[PDB]
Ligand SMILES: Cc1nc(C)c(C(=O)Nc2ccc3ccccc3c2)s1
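Before any questions on how it binds or moves, here is one chain, the form deposited without the named molecule, in structure tokens.
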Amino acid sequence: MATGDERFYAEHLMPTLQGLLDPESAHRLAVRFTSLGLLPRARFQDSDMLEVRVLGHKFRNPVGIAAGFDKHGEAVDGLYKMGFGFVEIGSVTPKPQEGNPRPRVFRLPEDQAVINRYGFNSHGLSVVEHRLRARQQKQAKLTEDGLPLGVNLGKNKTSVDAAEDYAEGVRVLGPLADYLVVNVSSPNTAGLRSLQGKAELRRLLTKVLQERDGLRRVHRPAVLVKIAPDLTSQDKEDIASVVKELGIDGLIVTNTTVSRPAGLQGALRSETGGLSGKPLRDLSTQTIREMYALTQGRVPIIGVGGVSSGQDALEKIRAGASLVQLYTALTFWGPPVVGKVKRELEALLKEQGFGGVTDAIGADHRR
């Protein structure tokens, strides 16, 4: 627990955290432990090969902690200490709200998957604002060091006007963020995903873009859309088209999935909610691929979904991701996995004659 070995956390400690605590308390302990920085300071040095400049920022390694782990920005600094190259803080809603009734998270250890239906449990804009404000200049220094911060916006359950909620996020948190995320891909909030529709998405993102533009230069973040893995091809076409039109700065590719692949062994496979972890991977990768192609490599993509190795990582990059985020992999292999991905990602780049992550982005669309 002090040295930071993968093979220990994998077989012993992590199956015991699981064996002892329900998935929610485990997450909360993890957030506590991480904000306190109890974790090992990662053995692995980041080589220059992993550096990516994208979105008006240098990223020291391309492996991000995904939205959901740190819903309320309590653990940003420990996440960096864990070795992520960039941190994203979990969907924040304008007003605080509590989320769906427990139980709302489940492990499918046999599938290395998770299903969650939290439905945007948030401390809300005020609280997260003060939290981020209180390290604002630390963050400024971090970004310049190649550790950018992303903020991921969602909408209140009751909210009558979707576009106005996100507007509030841009206004309140936009100034504290290197990039902002319009999350319209959560499975768990009645009607949210239908904001992925062309007309409804253009009107929403016009307003987001507009607000963003009204922020001062130094506090003017990049704006991306996080989309679902369950989109029809018409949907993807459209998202793609609107994106190019309004000049959106990027996409985060794939929230969790409401599909349930043939093969899930998990006793809890038929729980309502978003499916994450391994069963999402290739689905997720394929969506990076369609989106990269549709936007013609001119729209940066953050790949997320089932990443738990260098290969997993490098696959999405070759697919066209500029950056990847993982989350679930953390509930199975623990902190070490960040080290792993980075180091396996590194090896593979060399093995396949790449100079660095930058050369390998979209690599598949040129081979």
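Numbering starts at 1 and runs along the sequence shown.
Absent from the display: the form solved in complex with the named molecule. The rest refers to it.
- Although the partner is absent from this view, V52 stays clear of the named molecule in the entry with it bound, with no non-hydrogen atom inside 4.5 angstroms.
- Using a 4.5 angstroms threshold between heavy atoms, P40 counts as touching the named molecule in the entry with it bound.
- Among residues of the shown chain, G320 is not one whose heavy atoms approach the named molecule to within 4.5 Å in the entry with it bound.
- Among residues of the shown chain, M82 is one whose heavy atoms approach the named molecule to within 4.5 Å in the entry with it bound.
- Taking the named molecule as positioned in the entry with it bound, none of the residues of 241 to 264 brings a heavy atom within 4.5 Å of it.
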